[PDB]
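*Asks:* Dropping the structure in here first, questions after.
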Amino acid sequence: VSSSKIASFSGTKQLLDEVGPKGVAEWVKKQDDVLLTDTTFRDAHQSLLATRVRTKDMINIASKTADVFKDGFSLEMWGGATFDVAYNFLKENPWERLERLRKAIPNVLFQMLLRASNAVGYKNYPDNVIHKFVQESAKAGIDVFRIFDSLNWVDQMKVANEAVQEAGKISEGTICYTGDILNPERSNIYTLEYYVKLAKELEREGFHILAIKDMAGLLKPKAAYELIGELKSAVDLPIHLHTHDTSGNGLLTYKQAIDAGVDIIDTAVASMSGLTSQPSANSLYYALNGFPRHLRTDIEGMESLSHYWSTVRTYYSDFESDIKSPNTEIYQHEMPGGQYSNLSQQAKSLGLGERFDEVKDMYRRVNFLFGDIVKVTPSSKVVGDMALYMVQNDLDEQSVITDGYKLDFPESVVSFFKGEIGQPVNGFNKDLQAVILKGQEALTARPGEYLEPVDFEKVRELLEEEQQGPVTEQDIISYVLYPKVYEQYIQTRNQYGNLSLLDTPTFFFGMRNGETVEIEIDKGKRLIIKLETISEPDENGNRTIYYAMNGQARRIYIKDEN
Amino acid sequence: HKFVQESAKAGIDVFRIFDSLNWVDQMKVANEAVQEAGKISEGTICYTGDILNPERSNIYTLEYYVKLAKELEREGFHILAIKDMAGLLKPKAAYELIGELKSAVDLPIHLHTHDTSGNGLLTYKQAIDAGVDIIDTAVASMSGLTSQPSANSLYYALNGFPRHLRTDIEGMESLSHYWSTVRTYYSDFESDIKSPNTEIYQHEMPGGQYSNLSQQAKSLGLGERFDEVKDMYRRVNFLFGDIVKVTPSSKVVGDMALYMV
Amino acid sequence: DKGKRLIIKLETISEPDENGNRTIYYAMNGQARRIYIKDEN
Amino acid sequence: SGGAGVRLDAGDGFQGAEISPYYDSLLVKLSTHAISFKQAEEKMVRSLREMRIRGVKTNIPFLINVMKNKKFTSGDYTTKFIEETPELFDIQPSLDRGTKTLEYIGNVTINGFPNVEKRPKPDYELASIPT
Amino acid sequence: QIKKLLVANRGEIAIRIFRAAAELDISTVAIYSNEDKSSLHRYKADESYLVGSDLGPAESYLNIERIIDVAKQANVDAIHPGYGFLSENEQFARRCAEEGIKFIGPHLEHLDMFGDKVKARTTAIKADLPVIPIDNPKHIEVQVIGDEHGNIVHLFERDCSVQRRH
Ligand SMILES: O=CCCCC[C@@H]1SC[C@@H]2NC(=O)N[C@@H]21
Ligand SMILES: [Mn+2]
Ligand SMILES: [Mn+2]
């Protein structure tokens, strides 16, 4: 779609400019139609393709997405696993993704998923790291921050909320769904009144939008009716539903939440949707025909977007999961997202592949052992690691106490009982906890409290001394989040440059003889590379590559690794 | 006759009888064979068009199906079957269609759909509120996309709603796991489809057809203009006067579409 | 001949092509030089 | 080429261009320059004789053959020149040793020698040759 | 006052002009046909655009309309046609000025003044030079460079008498 045409659209982006965060929410509330947030750029491929999708594949349909989602509520396109992965595996800069997309899709709000304690990081950070990250993310184009917490501990959500409010952007306060409100015997704790009392709380904390995060796709169709009906009379906040289709019940849940008055839902493009992804927006659009509320979208554009991602998804087939059918066992174990697969590719690497059965079974039990907890990253990693360990050592609800003194529990568990991931809803069994800590003290306050503020001065002078000189705010905050992984990006970038410009089949597979490949640099100016031949190896094992780059004959030397 | 008799004898109890153009006069012969064999005769209506949408057809209306159902009740089928061979039955439509027929005819209603749009389950949900007696499902690992909607899924989907599926889920998860492995032996034969697809509503190709018809479009020279074949398949439907599409009628339209591009 | 002589480096020979022809890359008296060899069987 | 009096304007030729049948084939524009006209001619012929273009035929020899011609050196020439000078077309290909020898080595390297088994190539005593 | 320059051409004259342009500190655009994806001249400018997938080998450099978008797309404000496609063409020239783009050739009236045969003949007689009917002929031509200010020098002659029919 032409940039001229895109320059003329007004959507939720320029709404935020004119009326501010409280004005956007107000305006969500008055819409009859269900508004949609597309998740193709984050959660769709985070679930289906190990977060591997590359900027280049997104940049390519950005102008079509700007047109197609013009009436969307937001594009969820940053956060989750995408920061780390981009730097680490794709060896590309997730800030360049943010800013290049920002320019191409000027019209629709940008959403990211922001974990309360540590943003997008992997450990715990002092408060001035959270603030720095949100300052810079907002500057770079993020408009809606979906602040969530692994354990639904509200105290841990405040710092991020403050940041977003200061940035003048939209904070969504997230509740994560577990248990089953349809079933009194599932749980005492995770009852309908518990969600109400916690909605009512996030609202007193100033969040503009309320999000129900159903991360293990556990929210049954009727429960979605009940839950959203109660929340809508319990609070003034627009409600924004997020779920996964892993049970195969994603659409029905979305339908029911719609009958019950939900404001925004998260869907994906068809080709990128379903099973562990979100339910398909293309399907829902048709599913609502002849019911009271309509999905606000362009299906013709969506069918066209889906065709694009059909082909691109092909580029990523080495990263597909085994999962090829819905799974209703999730209702028993509650394994959020990918985990079920991330955790069998791991039970095999330990000669347990043959009894992932008993592992599925221990996961559930462990959950009640740790006193019934919300299982998103990283609490799902705590529960998983404990299940592996406990199957492998032939362990018991009782053996874990009796024999705990000599036991040696996986780090991620000691760290949960130490308070380092926050406080569960139901506390810690004190005896379970003693036997795992083996003496060390638990935290009282939220983890971040205990942390020396970071000194960005020292970081800047360390990067400038390492790199040539001139270093930016994004660089500095990136390094604080991912020290090792950031340094590995610079080294890679010195050796090889800006690789996010290659297309994906070239980035993963290289080229073949006779192949010619164009790399777009600017508008109208591309690197034309064609491979004449590959030689045999010299004495010190170097093969010589014979290119014709931009017509010019050219010769490169690569050490063969065998 | 010789086939129904032998079939009965050998253990078949329920015959679902359909015609590829919904021509009742062509079903009477198999029905008489089934009646004579003391077995259950299921009278199939194939769904096309789209009864929510008056623009779609003056012909395939709620009234066409009601009329067609009573005619089947008169020839003495014991069950009424709705074959949604392409999964064209949108949720609200199933609710409305099962409604009418439950007050039109004293026949139990048996519903068969395919999950190719992604809405299969939603359809069954809706038909169930409308009074429907039997639905077609498959185990989870054998379901989805161009197959039936998942029995396991439907089971938990209906928690808190008035009716429920009469089945054993824990047994189903077991069935599911077994087939999940077996499916593996058959990988060389796996559909190319991996997504739900709502263009189904515009071109109406049944079952797997739109990937066979895409093989074929490539094995010629039209892979790039497959968008033109989908379009011709549609137009060729109206050219032929707007017809039901199941084997072998759907091949006719596919064959014609190939020919015309 | 007397004080004129050919200096040839064979740098690489390529995998063949449909037409059935290998490409030999040489250097000859200071020149890049490419040659097409038909490959019988 | 290059050097005194030579000017070159790139056309289609380089490295390993394919030239196509779609456009006027022009590989290089070659101009030369001196104070004498003869001197510019003998400059042209130097330069023409330097060029190596391989993989395609070219018009170099014809061009050499107009340059060398007394009746073009004389200056007194009319647009009837080429038509009433038939011997411009008298073109011997010389025994381009270099090319031929690469063809032979290539051929043997790939398809071996008749009566001779494919082994690791000798010249395998560093005892050189008494003289 | 020319910030960037598109050449409606290929090959030597394209390269030639690209170089002139580089010398005057001017950003340059090249156009190519599908058959010229790897022609030298595509490489020797700063900017390169396809005249369009659907345009054949001959057409690419002769589509007045299509060339001019490439132009407007690249914020270009001058085109040099070189020689031998649209360099003599009356319509292409007219089009350029219309789109705001400066045609590097003579004025609009010159092209059809000289482009037709029968009309050239009239022009010359209006400034009287010779014409009517050719033994041992010599082909002689005179280079002229005039500005837009009635200052018009000549750069002496050449001698193109060495030819085969065309
Ligand atoms: O087919 C084998 C490769 C060709 C080698 C040609 C050489 S030239 C001298 C001798 N005479 C021939 O007939 N072949 C070899
Ligand atoms: Mn999620
Ligand atoms: Mn069927």
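*Asks:* Where in region A:283-338 are there GluC sites (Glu not before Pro) that are in a DSSP coil and have at most 16 other Cβ atoms within 10 angstrom of their Cβ?
*Replies:* Values: sites: A:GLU300, A:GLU303, A:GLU320, A:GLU329, A:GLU334; in loops: A:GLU320, A:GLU329, A:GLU334.
Loop-located and lightly packed - A:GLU320.
*Asks:* Work out which helices of chain B, taken as complete DSSP H runs, extend at least 18 Å along their axis over the Cα atoms and score a mean Kyte-Doolittle of -0.5 or more, then list them.
*Replies:* On the way: long enough: B:62-75 (20 Å, -0.82); B:91-104 (20 Å, -0.10); B:169-182 (19 Å, -0.11); B:226-239 (19 Å, -0.61).
Once both thresholds are applied, what remains is B:91-104, B:169-182.
*Asks:* Can you pull the Rg over Rh of region B:1-125, Cα-only, Kirkwood? Walk me through the numbers before you get to the answer.
*Replies:* Working: Rg = 15.0 Å, Rh = 15.1 Å.
Checking Rg against Rh, the ratio lands at 0.99.
*Asks:* At 20 °C and a viscosity of 1.002 mPa s, what translational diffusion coefficient does Stokes-Einstein give for region E:74-119, taking Rh as the Kirkwood radius over Cα pairs? Give it in µm²/s as a whole number.
*Replies:* On the way: Rh = 11.0 Å.
The Stokes-Einstein estimate is 195 µm²/s.
*Asks:* Quick one: plug the Kirkwood hydrodynamic radius of chain D (C-alpha pairs) into Stokes-Einstein at 20 °C, 1.002 mPa s, and report D in µm²/s.
*Replies:* On the way: Rh = 19.1 Å.
Value of D from the Cα-based Kirkwood radius: 112 µm²/s.
*Asks:* With +1 on each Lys and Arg Cβ and -1 on each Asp and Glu Cβ, how big is the dipole of the protein assembly as shown about its Cα centre, in debye rounded to the nearest 20? Working shown, then result.
*Replies:* Numbers: 133 positive and 167 negative charges, 689 e Å.
It works out to roughly 3320 debye.
*Asks:* Okay, moving on. Between B:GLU71 and B:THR167, what length comes free when the chain is fully extended (0.36 nm per residue of separation minus the Cα-Cα distance, one decimal in nm)? Each step should come with its number before you reach the end.
*Replies:* Working: separation 96, 0.36 × 96 = 34.56 nm, distance 3.26 nm.
Length gained between B:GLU71 and B:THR167: 31.3 nm.
*Asks:* Suppose we keep just the DSSP beta bridges with both residues in the protein assembly as shown; what percent of those would be antiparallel, to 5? Spell out each step's value before the answer.
*Replies:* Working: 45 of 110 bridges.
Once the DSSP bridges in the protein assembly as shown are tallied, antiparallel ones form about 40 percent.
*Asks:* So if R0 is 22 Å, what FRET efficiency would E:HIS110 and E:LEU155 give, r being the distance between their Cβ atoms, rounded to the nearest 0.05?
*Replies:* Values: r = 18 Å, r/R0 = 0.83.
For E:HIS110 and E:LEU155, the calculated efficiency is 0.75.
*Asks:* Which whole number gives the average, over all residues in D:19-28, of C-beta atoms from other chains lying within 10 Å of the residue C-beta? Could the numbers behind the result be given before it?
*Replies:* Numbers: counts 1, 5, 2, 8, 10, 4, 1, 4, 3, 1.
Taking all residues of D:19-28 together, the mean is 4.
*Asks:* Moving to a separate point now. Per-residue Cβ counts within 10 Å, from other chains only, averaged over A:278-290: what number is that?
*Replies:* On the way: counts 0, 2, 7, 1, 7, 10, 4, 1, 9, 11, 5, 9, 9.
Other-chain Cβ atoms within 10 Å of each residue's Cβ, averaged: 6.
*Asks:* From a point 7 Å beyond the Cα of D:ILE19 in the direction of its Cβ, which residues of region D:48-76 have a backbone N at a distance under 17 Å?
*Replies:* D:48-65, by backbone N distance to the label point.
*Asks:* What is region A:511-562's relative contact order, in percent, from Cα pairs under 8 angstrom and six or more apart in sequence? Please list the in-between numbers first.
*Replies:* Working: 93 pairs, mean separation 13.6, N = 52.
Here the relative contact order equals 26 percent.
*Asks:* Considering every residue in A:467-477, what mean count of other chain Cβ atoms within 10 Å of its Cβ is obtained? Could the numbers behind the result be given before it?
*Replies:* Numbers: counts 0, 0, 0, 0, 0, 0, 0, 0, 0, 0, 0.
Averaged over the peptide's residues, the number is 0.
*Asks:* For chain B, modelled as a Gaussian network with Cα springs under 10 Å, which listed residue fluctuates most, B:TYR185, B:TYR210, B:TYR65?
*Replies:* Ranking B:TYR185, B:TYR210, B:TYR65 by mean-square fluctuation puts B:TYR185 first.
*Asks:* A further question on this structure: A:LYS530: which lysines have alpha carbons under 21 Å from its alpha carbon, excluding same-chain residues fewer than 8 sequence positions away?
*Replies:* A:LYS56, A:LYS559, E:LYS37, E:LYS44
*Asks:* Rounded to the nearest 20 debye, what is the charge dipole size of region A:457-512 about its Cα centre when +1 sits on each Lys and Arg Cβ and -1 on each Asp and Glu Cβ?
*Replies:* Working: 5 positive and 9 negative charges, 73 e Å.
With only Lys, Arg, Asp and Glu charged at Cβ, the dipole is about 360 debye.
*Asks:* When only Cα pairs under 8 Å and 6 or more residues apart are kept, what is the percent relative contact order across region A:335-441? Don't skip to the answer; put the middle values down first.
*Replies:* Values: 87 pairs, mean separation 29.1, N = 107.
With pairs under 8 Å counted, the relative contact order is 27 percent.
*Asks:* Still on this structure: Hey, got a sec? Which trypsin sites (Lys or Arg not before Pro) in region E:1-89 land in a DSSP loop and have at most 15 other Cβ atoms within 10 Å?
*Replies:* Numbers: sites: E:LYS3, E:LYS4, E:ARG10, E:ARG16, E:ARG19, E:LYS37, E:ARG42, E:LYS44, E:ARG66, E:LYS72; in loops: E:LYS3, E:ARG10, E:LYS37, E:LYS44.
Of the trypsin sites (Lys or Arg not before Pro), the ones in loops of region E:1-89 whose Cβ has at most 15 other Cβ atoms within 10 Å are E:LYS3, E:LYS37.
*Asks:* Between A:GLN440 and C:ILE7, how many nm apart are label points set 7 Å from Cα along the C-beta direction?
*Replies:* Label at A:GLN440, label at C:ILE7, 6.8 nm between them.
*Asks:* Ranking request for peptides C:21-29, A:282-290: highest mean number of other beta-carbon atoms within 10 Å first, then the rest in descending order. Walk me through the numbers before you get to the answer.
*Replies:* Details: C:21-29: 16.7, A:282-290: 23.0.
Highest to lowest by the protection proxy: A:282-290, C:21-29.
*Asks:* Apply the Debye scattering formula to chain A, with a single equal point scatterer on each alpha-carbon and no solvent, then give log10 I(q)/I(0) at q = 0.07, 0.09 Å⁻¹.
*Replies:* The calculated log intensity ratios at q = 0.07, 0.09 Å⁻¹ are -0.43, -0.72.
*Asks:* Considering only DSSP beta bridges where both residues belong to chain A, give the percentage that are antiparallel (nearest 5). Before the final figure, lay out the partial values.
*Replies:* Details: 21 of 56 bridges.
Antiparallel bridges make up about 40 percent of those DSSP assigns within chain A.
*Asks:* Using the number of other C-beta atoms within 10 angstrom as an exposure proxy, rank A:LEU49, A:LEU527 with the fewest first.
*Replies:* The order, fewest Cβ neighbours first, is A:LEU527, A:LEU49.
*Asks:* Can you count the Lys pairs in region B:118-261 whose Cα atoms are under 17 Å apart, with each pair 8 or more apart or on different chains? The partial results should precede the final answer.
*Replies:* Numbers: B:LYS218/B:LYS230; B:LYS218/B:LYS251; B:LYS230/B:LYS245; B:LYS230/B:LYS251.
Close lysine pairs under the 17 Å cut-off: 4.
*Asks:* Would you mind ranking E:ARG158, A:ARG493 by Cβ crowding within 10 Å, fewest neighbours first?
*Replies:* Details: E:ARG158 11, A:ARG493 15.
Sorted ascending by nearby Cβ count, the order is E:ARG158, A:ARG493.
*Asks:* For A:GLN14 and A:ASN60, FRET efficiency with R0 = 22 Å and r from the beta-carbon atoms, rounded to 0.05? Walk me through the intermediate numbers first.
*Replies:* Details: r = 24 Å, r/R0 = 1.11.
Computed FRET efficiency for A:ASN60 and A:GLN14: 0.35.
*Asks:* Ratio of Rg to Rh for chain E, alpha carbon only, Kirkwood?
*Replies:* When Rh is taken as the Kirkwood radius, the ratio is 1.01.
*Asks:* Only Cα pairs under 8 Å and at least 6 apart count here; give the relative contact order of chain D as a rounded whole percent. Before the final figure, lay out each step's value.
*Replies:* Values: 80 pairs, mean separation 20.9, N = 131.
So the answer I get is 16 percent.
*Asks:* May I pose another question? Of the peptides A:218-230, A:545-557, how do they stack up when ordered by the mean number of other Cβ atoms within 10 Å, highest first?
*Replies:* Details: A:218-230: 23.4, A:545-557: 15.0.
Highest-to-lowest ranking by the protection proxy: A:218-230, A:545-557.
*Asks:* Given DSSP loops and a limit of at most 13 other Cβ atoms within 10 Å, what is the longest stretch of chain D that contains no such GluC sites (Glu not before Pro)? Numbers along the way, then the final one.
*Replies:* On the way: sites that count: D:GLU18, D:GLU117, D:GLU125.
Longest gap between qualifying sites, sites excluded: D:19-116.
*Asks:* Follow-up. Arrange A:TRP78, A:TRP153, A:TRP309 by Cβ neighbour counts within 10 Å, fewest through most, would you?
*Replies:* Values: A:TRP78 26, A:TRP153 18, A:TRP309 22.
Lowest to highest Cβ neighbour count: A:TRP153, A:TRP309, A:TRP78.
*Asks:* So what is log10(I(q)/I(0)) for chain B at q = 0.11, 0.14 1/Å, when the Debye sum runs over its Cα atoms only?
*Replies:* Evaluating at q = 0.11, 0.14 Å⁻¹ gives log10 I(q)/I(0) of -0.67, -1.09.
*Asks:* Can you give me the pair-distance distribution of the protein assembly as shown, C-alpha pairs, 10 Å bins, whole percents?
*Replies:* Reading the bins upward from 0: 2, 8, 13, 16, 16, 14, 12, 9, 6, 3, 1, 0, 0.
Coordinate-derived values only; no laboratory data. Cβ atoms come from the backbone with ideal geometry, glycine included; neighbour counts cover every protein chain shown.
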